[PDB]
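Inspection log for the structure reproduced underneath, given as structure tokens.
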Amino acid sequence: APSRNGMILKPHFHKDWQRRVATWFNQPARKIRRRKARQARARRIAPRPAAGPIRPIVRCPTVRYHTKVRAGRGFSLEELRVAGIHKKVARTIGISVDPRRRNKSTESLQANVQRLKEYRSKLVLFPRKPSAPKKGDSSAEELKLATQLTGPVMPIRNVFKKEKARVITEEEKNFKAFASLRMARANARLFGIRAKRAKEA
Amino acid sequence: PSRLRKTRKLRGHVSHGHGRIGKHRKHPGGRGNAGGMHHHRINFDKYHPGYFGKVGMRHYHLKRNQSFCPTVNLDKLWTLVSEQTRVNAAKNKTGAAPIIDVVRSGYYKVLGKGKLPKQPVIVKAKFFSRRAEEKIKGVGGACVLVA
Amino acid sequence: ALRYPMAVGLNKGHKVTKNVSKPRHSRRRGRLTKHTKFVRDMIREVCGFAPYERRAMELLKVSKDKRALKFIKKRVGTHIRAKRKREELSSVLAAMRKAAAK
Amino acid sequence: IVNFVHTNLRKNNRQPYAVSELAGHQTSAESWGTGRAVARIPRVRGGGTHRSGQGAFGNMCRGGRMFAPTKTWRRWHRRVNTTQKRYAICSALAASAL
Amino acid sequence: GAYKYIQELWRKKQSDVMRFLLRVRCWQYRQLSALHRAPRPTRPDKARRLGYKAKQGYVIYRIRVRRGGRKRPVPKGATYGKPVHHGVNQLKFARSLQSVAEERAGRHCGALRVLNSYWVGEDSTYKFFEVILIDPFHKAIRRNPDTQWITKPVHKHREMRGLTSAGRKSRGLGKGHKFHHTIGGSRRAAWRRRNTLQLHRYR
RNA sequence: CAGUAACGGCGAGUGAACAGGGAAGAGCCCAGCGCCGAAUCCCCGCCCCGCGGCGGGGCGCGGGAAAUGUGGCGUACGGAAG
RNA sequence: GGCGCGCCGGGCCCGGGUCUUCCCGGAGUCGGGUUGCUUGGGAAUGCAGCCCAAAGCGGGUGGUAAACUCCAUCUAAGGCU
RNA sequence: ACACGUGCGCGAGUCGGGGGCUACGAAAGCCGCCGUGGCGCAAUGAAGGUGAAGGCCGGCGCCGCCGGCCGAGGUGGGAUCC
């Protein structure tokens with residue numbers, strides 16, 4: 001029975017909820033387990049990056065996040081072809097591939113090609129047969145400076161470009177942002193019936 | 001801390017501070033929000049008006065991304081661009097207005113609440129209020145729409 | 001006159017140039033290859049037409065192609081598959097009507 | 001701050017203790033009824049041993065469970081503000097010169 | 001290619017040719033026992049798709065499942081509960097009759113392992129399914145790198161746990177807006193996580 | 001996200017998902033369509049190093065599987081051939 | 001047990017890019033009706049029974065039923081990890 | 001879980017709680033392009049949506065509007081201060 005002025009609430013505790021309580025005393029021991037399983041991974045892949053392969057510059061979808069840039073799944077096949085990268089040689093030298101990623105845009109396509117010119121120029125490749133050099137492999141001294149990269153390889157920072165201070169021209173001053181919004185709202189909406197009553201007459 | 005609690009002052013006292021006449025019985029008004037229309041009508045009317053009944057249109061697959069439009073006012077608009085710009089654009093004689101990209105700061109609409117200090121601005125915001133435009137134009141600046 | 005790029009309107013969204021590549025190989029899945037056309041061309045001559053189509057053939061012949069469409073809809077399910085079916089019953093009947101006189 | 005930050009951060013190295021769910025509820029008990037001159041407590045089902053008809057469930061019964069058995073999901077740990085943690089050390093270092 | 005000609009010939013089951021073949025075989029299959037070994041696949045073509053290679057060690061049974069819905073097994077139709085649970089007649093078993101067929105073949109031959117199954121005829125009383133079985137211990141399977149996955153003890157009774165094709169179609173999993181209730185491993189795994197107090201150490 | 005959209009004598013109560021931020025991160029194989037003298041596969045006998053996970057090699061107009069389709073190439077990211 | 005530099009045994013002798021002609025896919029199954037169960041899923045989210053039962057510029061999806069349009073996105077009814 | 005009171009810290013912010021980094025210690029310390037995200041800073045409408053001060057003084061006894069300095073009220077009671 002409710003006492004007085006006080007919030008209405010519906011506690012989700014009507015099931016046998018005590019049997020299925022997940023207590024987090026695993027947590028401090030889990031972080032030890034996940035860390036030892038991360039160092040011993042990195043110690044195996046001895047000169048390779050510890051985060052592993054390079055991820056592409058990728059826009060977030062759905063208009064809340066679409067001004068931000070992530071690390072995606074992997075590079076698209078139209079990003080590997082333009083870079084001169086073979087899709088199955090990509091995985092083996094530490095380049096992320098997914099066959100799924102479309103390309104609706106050229107700038108987001110071209111962003112991930114310049115991304116890969118960096119990597120192949122940054123790539124130190126050790127010969128499979130160590131004591132006999134092969135062609136595509138990097139020089140002897142580049143194998144000797146070879147260290148791991150702790151952190152995501154070519155880390156993705158969202159950068160807005162430097163706009164300067166401008167004297168506002170008599171045209172930009174004169175633009176009516178509110179009415180231009182309110183006009184286009186009606187032109188986006190009512191078009192359907194203005195196309196239909198014009199095809200009529 | 002159990003020692004600081006009330007149970008520690010109720011040892012010796014028979015009823016334990018829950019009445020001697022009306023005994024502390026388990027659920028004497030029903031479990032939870034029972035009798036909201038019947039025997040708790042007055043509590044649910046006096047403090048929770050509108051609780052019972054329907055209103056308006058159902059919208060089945062509603063995502064909170066399509067309806068995302070967070071607002072900055074013209075009050076705190078000069079906080080988004082550093083103190084170094086505001087003084088330089090005031091001090092300089094050329095009349096070059098510093099560009100305030102509102103989409104960069106995280107907001108998609110500029111509303112016109114505050115009194116904007118009298119130096120020209122350029123606002124690259126996505127949506128605008130009518131009053132928000134008038135103040136930017138009133139001081140003497142541009143309302144740049146952005147996609 | 002300046003038209004700024006807007007997040008709403010009849011031509012809205014961000015100013016981005018659009019590349020045009022060859023579409024991915026699964027988009028053309030279930031399009032009619034001539035080799036696979038011949039198999040259905042072969043088997044239709046072997047098997048015949050289903051007993052629901054024999055009623056559907058004999059009602060198109062009296063020019064009841066609505067009563068056919070209402071019938072084919074009931075048998076095959078939707079208004080969309082049935083209209084596609086009826087444009088394939090009449091096509092093989094207009095094929096017979098060439099052979100009917102000649 | 002020192003006698004608040006110390007008293008909450010020293011709860012964070014505290015291992016859980018609890019009484020088992022089964023502890024007390026491993027009998028097949030039932031109250032004899034309203035008659036029979038005994039106190040309506042869940043007595044143990046009949047036998048030729050000492051337990052047969054004693055009194056099984058309840059906090060007051062010999063054997064049995066405890067009232068409100070201690071749980072593993074007791075809020076053992078107390079998180080403090082990062083700022084207050086520094087404002088304890090700046091208050092601890094400051095008072096160990098004087 | 002011969003198989004594509006049999007492929008579309010099995011899609012005209014309504015035809016004069018296949019209203020005879022599915023009718024005279026559906027006669028034939030009732031007179032043989034409820035669960036017996038077929039000497040070959042009735043459909044070579046359909047078994048091709050479902051992974052049956054015609055080498056040594058691949059087994060095909062031809063089992064029948066009595067047709068219709070599952071009625072509630074209660075004495076004299078009395079269900080001792082609320083008017084909701086009174087139902088007995090018009091109830092439907094969660095798994096398909098095809099998956100019921102596989103886990104009778106798979107139950108019988110415990111030494112074998114169910115790969116998949118396919119339809120070969122229905123009556124008013126009996127659906128007939130050829131159930132494809134593989135020897136995990138015949139050295140033609142056991143030494144083939146692309147069929148040695150079945151031989152591991154992880155794939156013991158795929159038919160029972162519902163890891164065969166018809167077995168998976170009642171679990172209600174797959175991707176997207178339709179298959180939310182089986183996000184995670186299964187329906188039970190989804191239910192489990194969603195009904196756990198994640199009582200953290202701190203809060 | 002979220003006790004949110006939604007369900008419900010719309011009462012009691014029930015109640016996801018996407019995006020996002022992380023842990024890990026790995027990709028793939030057939031059938032079908034086609035080409036290669038079935039080019040494939042299991043088992044027995046004989047000997048040889050040799051194996052408390054019966055395996056590698058030779059050896060037989062020895063048997064069997066298999067054109068009602070075995071092996072290779074090849075699978076939606078396309079693929080084959082010249 | 002855990003791994004590379006050389007004696008070495010059998011097996012395997014393999015790739016890339018463009019131009020050019022050929023080829024390209026799983027059916028009592030999707031889908032539809034009706035029924036029962038399930039779901040947050042609401043003119044039916046998922047599952048099953050039964051009846052009807054397709055297509056190949058197709059098919060599914062596009063969270064309010066439908067008809068006509070455009071447009072987007074995957075490629076179901078086979079398998080592994 | 002909620003409401004209110006009270007104590008502490010910072011304050012248009014604030015909080016790592018999940019994650020990662022480095023005997024007691026499963027502790028503690030740290031990260032800020034780990035501040036996603038939570039609640040707060042904006043309300044309102046079923047919704048599409050919209051979304052929080054102005055007087056006068058000159059040009060065109062008056063006009064939309066070109067201007068123009070100025071400017072978050074008024075009243076009454078108000079602890080303190082002058």
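Each chain in the structure tokens gets a letter, A, B, ..., in the order shown, and its residues are numbered from 1; ligands are numbered from 1 in order too.
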
Report task. Find the residues of chain D in contact range of chain A, meaning any atom within 9 Å when counting only C-alpha atoms, and list them as a ChimeraX atom specification. Result -> /D:15-16,72-73

Take the selection from the previous step and output its residues with N, CA, C and O atoms, as a PDB file, in the first residue's frame.
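Saved file part_29.pdb follows:
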ATOM      1  N   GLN D  15      36.645 -10.100   1.433  1.00  0.00           N
ATOM      2  CA  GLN D  15      36.160 -11.346   0.774  1.00  0.00           C
ATOM      3  C   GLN D  15      34.735 -11.637   1.238  1.00  0.00           C
ATOM      4  O   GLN D  15      34.430 -11.465   2.416  1.00  0.00           O
ATOM      5  N   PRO D  16      33.815 -12.071   0.340  1.00  0.00           N
ATOM      6  CA  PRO D  16      32.465 -12.451   0.753  1.00  0.00           C
ATOM      7  C   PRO D  16      32.417 -13.666   1.692  1.00  0.00           C
ATOM      8  O   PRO D  16      33.086 -14.648   1.416  1.00  0.00           O
ATOM      9  N   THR D  72      25.936 -13.753  -0.594  1.00  0.00           N
ATOM     10  CA  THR D  72      27.186 -13.451  -1.338  1.00  0.00           C
ATOM     11  C   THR D  72      27.025 -12.133  -2.102  1.00  0.00           C
ATOM     12  O   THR D  72      28.052 -11.517  -2.382  1.00  0.00           O
ATOM     13  N   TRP D  73      25.794 -11.721  -2.426  1.00  0.00           N
ATOM     14  CA  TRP D  73      25.501 -10.450  -3.147  1.00  0.00           C
ATOM     15  C   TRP D  73      25.164  -9.323  -2.161  1.00  0.00           C
ATOM     16  O   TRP D  73      24.517  -8.346  -2.588  1.00  0.00           O
TER      17      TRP D  73
END

**Report entry** Interface, chain A side, toward chain F (8 Å; only C-alpha atoms (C1' of nucleotides)) as a list in words
**Finding:**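 For chain A, the answer reads residues 10, 61, 62, 64, 65, 77, 99 and 100 of chain A.
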
Just to be explicit: take each residue in the selection above, keep C-alpha atoms, and write the result as a PDB file, in the first residue's frame.
ATOM      1  CA  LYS A  10       7.275  -1.527 -10.914  1.00  0.00           C
ATOM      2  CA  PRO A  61      25.594   5.084 -39.277  1.00  0.00           C
ATOM      3  CA  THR A  62      22.177   6.480 -38.046  1.00  0.00           C
ATOM      4  CA  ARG A  64      23.189  10.406 -33.926  1.00  0.00           C
ATOM      5  CA  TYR A  65      26.851   9.304 -34.581  1.00  0.00           C
ATOM      6  CA  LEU A  77      37.749  -5.233 -51.834  1.00  0.00           C
ATOM      7  CA  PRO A  99      33.955  -9.044 -48.386  1.00  0.00           C
ATOM      8  CA  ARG A 100      30.761  -7.227 -47.167  1.00  0.00           C
TER       9      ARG A 100
END

**Report entry** Distance filter 10 Å, only C-alpha atoms, chain C against chain B, as a list in words
**Finding:**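 Close enough to count are residues 3, 4, 5, 6, 7, 8, 12, 13, 14 and 15 of chain C.
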
Take the selection from the previous step and output its residues with C-alpha atoms, as a PDB file, in the first residue's frame.
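And here is the file that came out, result-v7.pdb:
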ATOM      1  CA  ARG C   3      21.572  27.110 -51.176  1.00  0.00           C
ATOM      2  CA  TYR C   4      23.435  25.679 -48.101  1.00  0.00           C
ATOM      3  CA  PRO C   5      23.481  21.840 -47.730  1.00  0.00           C
ATOM      4  CA  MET C   6      20.615  20.988 -45.267  1.00  0.00           C
ATOM      5  CA  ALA C   7      19.913  17.895 -43.049  1.00  0.00           C
ATOM      6  CA  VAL C   8      16.204  18.084 -44.206  1.00  0.00           C
ATOM      7  CA  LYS C  12      18.852  16.675 -48.220  1.00  0.00           C
ATOM      8  CA  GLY C  13      21.882  14.983 -46.534  1.00  0.00           C
ATOM      9  CA  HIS C  14      25.674  15.677 -46.699  1.00  0.00           C
ATOM     10  CA  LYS C  15      27.443  16.757 -49.970  1.00  0.00           C
TER      11      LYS C  15
END

Query - Exercise: residue 47 (chain H) partners within 12 Å, only C-alpha atoms (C1' of nucleotides), chain neighbours under 6 positions left out, as a PyMOL selection string - result: chain B and resi 55-59

For the residues in that selection, give me C-alpha atoms as a CSV table (one decimal), in the first residue's frame.
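Saved to part-v2.csv:
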chain,number,residue,atom,x,y,z
B,55,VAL,CA,-3.3,8.7,-25.1
B,56,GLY,CA,-1.9,9.3,-28.6
B,57,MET,CA,-0.4,7.2,-31.4
B,58,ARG,CA,1.7,3.9,-30.9
B,59,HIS,CA,5.1,3.9,-32.8

Counting only C-alpha atoms (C1' of nucleotides), which residues in chain E sit no more than 8 Å from chain G? For each one, give the nearest pair of atoms and the distance in Å, sorted by chain then residue number, as JSON lines.
{"residue": "E:10", "atom": "CA", "partner": "G:27", "partner_atom": "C1'", "distance": 7.4}
{"residue": "E:11", "atom": "CA", "partner": "G:27", "partner_atom": "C1'", "distance": 5.5}
{"residue": "E:13", "atom": "CA", "partner": "G:28", "partner_atom": "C1'", "distance": 7.9}
{"residue": "E:49", "atom": "CA", "partner": "G:78", "partner_atom": "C1'", "distance": 5.6}
{"residue": "E:50", "atom": "CA", "partner": "G:78", "partner_atom": "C1'", "distance": 4.8}
{"residue": "E:51", "atom": "CA", "partner": "G:78", "partner_atom": "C1'", "distance": 6.8}
{"residue": "E:68", "atom": "CA", "partner": "G:49", "partner_atom": "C1'", "distance": 5.8}
{"residue": "E:69", "atom": "CA", "partner": "G:49", "partner_atom": "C1'", "distance": 4.8}
{"residue": "E:90", "atom": "CA", "partner": "G:36", "partner_atom": "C1'", "distance": 5.6}
{"residue": "E:91", "atom": "CA", "partner": "G:36", "partner_atom": "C1'", "distance": 5.0}
{"residue": "E:92", "atom": "CA", "partner": "G:48", "partner_atom": "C1'", "distance": 5.3}
{"residue": "E:93", "atom": "CA", "partner": "G:48", "partner_atom": "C1'", "distance": 5.7}
{"residue": "E:94", "atom": "CA", "partner": "G:48", "partner_atom": "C1'", "distance": 5.1}
{"residue": "E:95", "atom": "CA", "partner": "G:48", "partner_atom": "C1'", "distance": 6.4}
{"residue": "E:96", "atom": "CA", "partner": "G:48", "partner_atom": "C1'", "distance": 6.3}
{"residue": "E:119", "atom": "CA", "partner": "G:28", "partner_atom": "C1'", "distance": 7.7}
{"residue": "E:149", "atom": "CA", "partner": "G:80", "partner_atom": "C1'", "distance": 7.4}
{"residue": "E:170", "atom": "CA", "partner": "G:47", "partner_atom": "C1'", "distance": 5.5}
{"residue": "E:171", "atom": "CA", "partner": "G:47", "partner_atom": "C1'", "distance": 7.7}
{"residue": "E:172", "atom": "CA", "partner": "G:46", "partner_atom": "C1'", "distance": 5.8}
{"residue": "E:177", "atom": "CA", "partner": "G:63", "partner_atom": "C1'", "distance": 7.9}
{"residue": "E:178", "atom": "CA", "partner": "G:45", "partner_atom": "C1'", "distance": 5.7}
{"residue": "E:179", "atom": "CA", "partner": "G:46", "partner_atom": "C1'", "distance": 7.2}
{"residue": "E:181", "atom": "CA", "partner": "G:39", "partner_atom": "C1'", "distance": 7.7}

Could I get the residues of chain H with an atom no further than 8 Å from an atom of chain B, each paired with its nearest atom pair and that distance in Å to one decimal, using only C-alpha atoms (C1' of nucleotides), sorted by chain and residue number, as a tab-separated table?
residue	atom	partner	partner_atom	distance
H:46	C1'	B:56	CA	3.5
H:47	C1'	B:57	CA	7.6
H:51	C1'	B:111	CA	7.1
H:52	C1'	B:113	CA	5.9

Save out the residues we just selected, C-alpha atoms (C1' of nucleotides), as a PDB file, in the first residue's frame.
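Writing the result to result_12.pdb gives the following:
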ATOM      1  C1'   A H  46      -1.042  12.581 -29.539  1.00  0.00           C
ATOM      2  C1'   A H  47       1.959  14.046 -33.466  1.00  0.00           C
ATOM      3  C1'   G H  51      11.361  25.618 -28.724  1.00  0.00           C
ATOM      4  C1'   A H  52      12.060  30.760 -23.585  1.00  0.00           C
TER       5        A H  52
END

Query - Residues flagged helix (DSSP H, G or I) by DSSP in region 39-150 of chain A, as an NGL selection string - result: :A and (39-44 or 77-83 or 87-92 or 107-122 or 140-144)

Could you write out the selected residues, including N, CA and C atoms, as a tab-separated table (two decimals), in the first residue's frame?
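Full text of out.tsv as output:
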chain	number	residue	atom	x	y	z
A	39	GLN	N	49.26	-10.67	-22.93
A	39	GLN	CA	50.74	-10.55	-22.94
A	39	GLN	C	51.36	-11.78	-23.62
A	40	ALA	N	50.93	-12.99	-23.21
A	40	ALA	CA	51.40	-14.29	-23.74
A	40	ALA	C	51.01	-14.46	-25.21
A	41	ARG	N	49.94	-13.78	-25.66
A	41	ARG	CA	49.59	-13.66	-27.10
A	41	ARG	C	50.66	-12.80	-27.80
A	42	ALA	N	50.91	-11.60	-27.28
A	42	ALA	CA	51.85	-10.60	-27.84
A	42	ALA	C	53.29	-11.15	-27.86
A	43	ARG	N	53.67	-11.95	-26.86
A	43	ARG	CA	55.02	-12.57	-26.75
A	43	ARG	C	55.19	-13.67	-27.81
A	44	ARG	N	54.09	-14.27	-28.30
A	44	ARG	CA	54.12	-15.27	-29.41
A	44	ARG	C	54.36	-14.53	-30.73
A	77	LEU	N	36.97	-4.62	-50.72
A	77	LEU	CA	37.75	-5.23	-51.83
A	77	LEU	C	38.04	-4.19	-52.93
A	78	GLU	N	37.27	-3.10	-52.98
A	78	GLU	CA	37.49	-1.95	-53.90
A	78	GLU	C	38.47	-0.94	-53.27
A	79	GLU	N	38.86	-1.14	-52.00
A	79	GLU	CA	39.93	-0.37	-51.30
A	79	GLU	C	41.27	-1.11	-51.43
A	80	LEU	N	41.25	-2.45	-51.47
A	80	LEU	CA	42.46	-3.30	-51.63
A	80	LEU	C	42.92	-3.28	-53.10
A	81	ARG	N	41.98	-3.33	-54.06
A	81	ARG	CA	42.27	-3.33	-55.52
A	81	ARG	C	42.98	-2.02	-55.92
A	82	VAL	N	42.47	-0.87	-55.45
A	82	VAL	CA	42.99	0.49	-55.79
A	82	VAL	C	44.37	0.67	-55.13
A	83	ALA	N	44.58	0.07	-53.95
A	83	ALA	CA	45.87	0.06	-53.21
A	83	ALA	C	46.87	-0.91	-53.85
A	87	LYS	N	43.56	-9.64	-51.96
A	87	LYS	CA	42.59	-9.83	-50.85
A	87	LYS	C	43.05	-10.92	-49.87
A	88	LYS	N	43.80	-11.93	-50.34
A	88	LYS	CA	44.25	-13.09	-49.52
A	88	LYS	C	45.71	-12.93	-49.07
A	89	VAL	N	46.49	-12.06	-49.72
A	89	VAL	CA	47.86	-11.66	-49.26
A	89	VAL	C	47.69	-10.58	-48.18
A	90	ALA	N	46.54	-9.89	-48.15
A	90	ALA	CA	46.18	-8.82	-47.19
A	90	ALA	C	46.20	-9.34	-45.75
A	91	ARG	N	45.44	-10.41	-45.48
A	91	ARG	CA	45.29	-11.05	-44.14
A	91	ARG	C	46.66	-11.44	-43.58
A	92	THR	N	47.55	-11.96	-44.43
A	92	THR	CA	48.83	-12.62	-44.04
A	92	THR	C	49.90	-11.59	-43.65
A	107	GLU	N	35.25	9.74	-51.26
A	107	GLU	CA	36.14	10.34	-50.22
A	107	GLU	C	36.41	9.32	-49.11
A	108	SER	N	35.37	8.60	-48.65
A	108	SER	CA	35.48	7.51	-47.64
A	108	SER	C	36.20	6.30	-48.25
A	109	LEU	N	36.08	6.10	-49.57
A	109	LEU	CA	36.84	5.09	-50.36
A	109	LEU	C	38.32	5.50	-50.42
A	110	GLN	N	38.60	6.75	-50.80
A	110	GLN	CA	39.97	7.30	-51.02
A	110	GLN	C	40.69	7.47	-49.67
A	111	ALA	N	39.95	7.73	-48.59
A	111	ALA	CA	40.46	7.82	-47.20
A	111	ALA	C	41.19	6.53	-46.81
A	112	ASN	N	40.64	5.37	-47.20
A	112	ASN	CA	41.12	4.02	-46.82
A	112	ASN	C	42.20	3.51	-47.79
A	113	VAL	N	42.43	4.20	-48.91
A	113	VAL	CA	43.51	3.85	-49.90
A	113	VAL	C	44.82	4.50	-49.43
A	114	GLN	N	44.79	5.81	-49.13
A	114	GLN	CA	45.93	6.57	-48.54
A	114	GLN	C	46.32	5.94	-47.19
A	115	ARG	N	45.33	5.44	-46.44
A	115	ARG	CA	45.49	4.65	-45.19
A	115	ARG	C	46.42	3.46	-45.42
A	116	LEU	N	46.31	2.79	-46.57
A	116	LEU	CA	47.05	1.53	-46.90
A	116	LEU	C	48.42	1.82	-47.53
A	117	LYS	N	48.60	2.98	-48.18
A	117	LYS	CA	49.92	3.43	-48.70
A	117	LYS	C	50.86	3.69	-47.51
A	118	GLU	N	50.32	4.24	-46.42
A	118	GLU	CA	51.01	4.43	-45.11
A	118	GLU	C	51.50	3.07	-44.58
A	119	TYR	N	50.61	2.08	-44.51
A	119	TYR	CA	50.86	0.75	-43.89
A	119	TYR	C	51.99	0.02	-44.62
A	120	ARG	N	51.89	-0.10	-45.95
A	120	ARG	CA	52.86	-0.85	-46.79
A	120	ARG	C	54.23	-0.15	-46.77
A	121	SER	N	54.26	1.17	-46.61
A	121	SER	CA	55.50	1.98	-46.40
A	121	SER	C	56.01	1.81	-44.96
A	122	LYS	N	55.10	1.61	-44.00
A	122	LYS	CA	55.41	1.34	-42.56
A	122	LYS	C	55.73	-0.15	-42.34
A	140	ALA	N	67.80	-5.36	-44.18
A	140	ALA	CA	68.40	-5.99	-42.98
A	140	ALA	C	68.25	-5.08	-41.75
A	141	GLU	N	68.52	-3.78	-41.91
A	141	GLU	CA	68.51	-2.77	-40.80
A	141	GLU	C	67.08	-2.51	-40.31
A	142	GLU	N	66.08	-2.60	-41.19
A	142	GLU	CA	64.64	-2.40	-40.84
A	142	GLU	C	64.13	-3.59	-40.01
A	143	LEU	N	64.71	-4.79	-40.18
A	143	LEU	CA	64.43	-5.97	-39.32
A	143	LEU	C	65.07	-5.78	-37.93
A	144	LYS	N	66.14	-4.98	-37.83
A	144	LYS	CA	66.96	-4.78	-36.60
A	144	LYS	C	66.37	-3.66	-35.73

Query raised in the report: So, counting only C-alpha atoms, which residue among E:201, E:67, E:193, E:180 is closest to chain A?
Result: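 Going through E:201, E:67, E:193, E:180 one by one, the smallest distance to chain A is for E:201.
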
Mind dumping a table of every chain B residue within 7 Å of chain F, with the nearest atom pair and its distance in Å to one decimal, using only C-alpha atoms (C1' of nucleotides), sorted by chain and rising number, as a Markdown table?
| residue | atom | partner | partner_atom | distance |
| --- | --- | --- | --- | --- |
| B:34 | CA | F:12 | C1' | 6.9 |
| B:53 | CA | F:10 | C1' | 6.6 |
| B:54 | CA | F:10 | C1' | 6.7 |
| B:60 | CA | F:6 | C1' | 6.2 |
| B:61 | CA | F:5 | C1' | 6.1 |
| B:62 | CA | F:5 | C1' | 5.1 |

I need the chain E residues near chain A as an mmCIF file with N, CA and C atoms, in the first residue's frame; criterion: at most 12 Å, counting only C-alpha atoms.
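New file result.cif:
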data_model
loop_
_atom_site.group_PDB
_atom_site.id
_atom_site.type_symbol
_atom_site.label_atom_id
_atom_site.label_comp_id
_atom_site.auth_asym_id
_atom_site.auth_seq_id
_atom_site.Cartn_x
_atom_site.Cartn_y
_atom_site.Cartn_z
ATOM 1 N N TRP E 191 16.908 -15.969 -22.779
ATOM 2 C CA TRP E 191 16.079 -15.903 -21.548
ATOM 3 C C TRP E 191 16.977 -15.771 -20.312
ATOM 4 N N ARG E 192 18.088 -16.515 -20.280
ATOM 5 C CA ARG E 192 19.013 -16.603 -19.118
ATOM 6 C C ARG E 192 19.614 -15.219 -18.839
ATOM 7 N N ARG E 193 20.398 -14.675 -19.780
ATOM 8 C CA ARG E 193 21.106 -13.366 -19.665
ATOM 9 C C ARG E 193 20.132 -12.246 -19.289
ATOM 10 N N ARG E 194 19.009 -12.161 -20.007
ATOM 11 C CA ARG E 194 17.972 -11.105 -19.846
ATOM 12 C C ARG E 194 17.354 -11.183 -18.442
ATOM 13 N N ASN E 195 17.297 -12.382 -17.849
ATOM 14 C CA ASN E 195 16.801 -12.631 -16.466
ATOM 15 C C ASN E 195 17.981 -12.989 -15.551
ATOM 16 N N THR E 196 19.023 -12.152 -15.546
ATOM 17 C CA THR E 196 20.109 -12.148 -14.529
ATOM 18 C C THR E 196 20.283 -10.727 -13.988
ATOM 19 N N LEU E 197 20.089 -10.546 -12.679
ATOM 20 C CA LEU E 197 20.651 -9.394 -11.928
ATOM 21 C C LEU E 197 22.172 -9.439 -12.092
ATOM 22 N N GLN E 198 22.732 -8.561 -12.929
ATOM 23 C CA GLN E 198 24.195 -8.311 -12.994
ATOM 24 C C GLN E 198 24.561 -7.434 -11.789
ATOM 25 N N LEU E 199 24.448 -7.987 -10.574
ATOM 26 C CA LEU E 199 24.811 -7.291 -9.312
ATOM 27 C C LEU E 199 26.334 -7.170 -9.276
ATOM 28 N N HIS E 200 26.849 -6.025 -9.729
ATOM 29 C CA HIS E 200 28.298 -5.695 -9.742
ATOM 30 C C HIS E 200 28.810 -5.672 -8.299
ATOM 31 N N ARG E 201 30.128 -5.705 -8.129
ATOM 32 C CA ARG E 201 30.793 -5.666 -6.800
ATOM 33 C C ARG E 201 30.589 -4.285 -6.156
ATOM 34 N N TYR E 202 30.617 -3.206 -6.949
ATOM 35 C CA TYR E 202 30.670 -1.796 -6.468
ATOM 36 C C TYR E 202 29.257 -1.203 -6.342
ATOM 37 N N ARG E 203 28.613 -0.864 -7.469
ATOM 38 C CA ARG E 203 27.396 0.000 -7.576
ATOM 39 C C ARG E 203 27.396 1.060 -6.462
#
